[PDB]
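J.: Below you'll find the sequence and an experimental structure to go with it.
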Amino acid sequence: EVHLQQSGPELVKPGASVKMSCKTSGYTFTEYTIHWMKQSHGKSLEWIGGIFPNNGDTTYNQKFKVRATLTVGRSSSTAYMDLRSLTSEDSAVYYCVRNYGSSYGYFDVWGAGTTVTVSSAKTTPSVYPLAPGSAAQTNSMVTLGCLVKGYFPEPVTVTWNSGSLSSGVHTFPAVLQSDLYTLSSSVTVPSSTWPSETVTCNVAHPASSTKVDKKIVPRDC
Amino acid sequence: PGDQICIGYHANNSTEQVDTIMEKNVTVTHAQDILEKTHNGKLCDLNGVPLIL
Ligand SMILES: *[C@@H]1O[C@H](CO)[C@@H](O[C@@H]2O[C@H](CO)[C@@H](O[C@@H]3O[C@H](CO)[C@@H](O)[C@H](O)[C@@H]3O)[C@H](O)[C@H]2NC(C)=O)[C@H](O)[C@H]1NC(C)=O
């Protein structure tokens, strides 16, 4: 396959430097130029640069010439990018992408995306189950929930029953509340299944090495 | 003693040689090579479009 596995989301103090990596696999590293793309959160794609592994020739955008540095580890079958002296500006997502042929080519295989967060803030969640009101029931289907509040930085992963429930589930985007992130999830099961069925909320926050589980217990009344 | 005019033809420091039916290696003042003998030793894209198996 043509998979591009890249580095994990990162946080950098303003003024510091990052080095996200992209590991190539499934094709011949040395036959295609690898490139980097920056996407300002939900806006527009910007081209950073390109590097051809086989001899290490680089091609940069005007904008990034200074702050960026593409490098390649041939034995490693790996492309690296380095961003030096960051600002709020650079807080966005970075894609390691394989472009097909040369100067006049299309980017066919796009990597996952290493997402960089530039803030002086410290690494910080708290999980709360959401059982419905003691005297109210939504008819054929019961909506259940999970609340993640006060954490930094993004992101977090929310699962229901370790992942086996993937149906009625909505995980809403996080929001900024007193300079911390907060989000919520909503699993929807048939009224008969609950409270008989074990509904557990599985939340993970890598940045703090935290993994938490919360079971939805009906309203003790 | 007297004014004169001469008819003559060009010559230069050229070493370029050329061949004919009756003679080989004829140094000549100007010649045009019409045979391309070099390539980039690589497989390349053709006018912005290959499938390499
Ligand atoms: C025009 O003159 C050129 C230069 O003399 C002729 O080319 C030369 O031909 C000689 C043979 O007469 C070549 O010698 C050969 O060299 C190889 C090298 O491995 C070696 O095995 C022997 O010494 C062999 O005789 C010489 O390399 C060659 N020079 C060049 C630069 O190609 C050419 O033959 C002449 N053209 C005509 C129509 O006579």
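T.: Right, received. Where do you want to start? Numbers count the residues shown, from 1 in each chain, chains lettered A, B, ... in the order given.
J.: Tell me how many other residues surround the nearest residue to residue A:124 once chain neighbours are set aside.
T.: Setting aside the residues directly before and after it, residue A:124 is nearest to residue A:152 in space (Cβ to Cβ, 6 or more residues apart in numbering or on different chains), at 4.5 Å. C-betas here are computed from N, CA, C, even on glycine. Residues lying near residue A:152 (other Cβ atoms under 10 Å in any protein chain shown) number 20.
J.: residues in contact with residue A:152?
T.: A:119, A:121-124, A:179-181, A:207 (Cβ atoms under 8 Å, 6 or more residues apart in numbering or on different chains).
J.: Next step: those residues restricted to strands.
T.: A:180-181 (DSSP state E).
J.: on that earlier part again, give me the phi and psi for the residue nearest to residue A:124.
T.: According to degrees, to the nearest 10, the main-chain angles of residue A:152 amount to phi -160, psi 140.
J.: same check, this time on residue A:89
T.: Backbone torsions of residue A:89, given as degrees, to the nearest 10, read phi -50, psi -40.
J.: so what strands line up beside the strand or helix carrying residue A:108?
T.: Secondary structure assignment for residue A:108, by DSSP states H and E: strand A:107-110. For strand A:107-110, the paired strands and their directions (DSSP bridges) read strand A:93-99 (antiparallel).
J.: Check the spacing between residue A:36 and the ligand real quick.
T.: Residue A:36 is 49 Å from the ligand, where distance means Cβ to the nearest ligand atom, to the nearest Å.
J.: Setting the sequence-adjacent residues aside, check what's closest to that residue.
T.: That would be residue A:48: by Cβ to Cβ, 6+ apart, it lies 4.1 Å from residue A:36.
J.: so what's the backbone phi/psi at residue A:176?
T.: According to degrees, to the nearest 10, residue A:176 has phi -90, psi 120.
J.: ok, the closest residue to it other than its chain neighbours - contacts?
T.: Spatial nearest neighbour of residue A:176, chain neighbours left out: residue A:182 (7.9 Å); criterion: Cβ to Cβ, 6+ apart. Residue A:182 sits next to A:147-151, A:174-176 when contact means Cβ under 8 Å, 6+ apart.
J.: Tell me which two in the contacts of residue A:152 are the farthest apart.
T.: Using Cβ to Cβ, the contacts of residue A:152 span at most 15.3 Å, a distance reached by A:179 and A:207.
J.: residues contacting the closest residue in space to residue A:84 that isn't next to it in sequence?
T.: Computed as Cβ to Cβ, 6+ apart, the closest residue to residue A:84 that is not its neighbour in sequence is residue A:17, at 4.6 Å. Residues near residue A:17 by Cβ under 8 Å, 6+ apart: A:82-86.
J.: who wins for neighbours among these?
T.: Neighbour counts for the contacts of residue A:17 peak at residue A:83, which has 23 neighbours (criterion: other Cβ under 10 Å).
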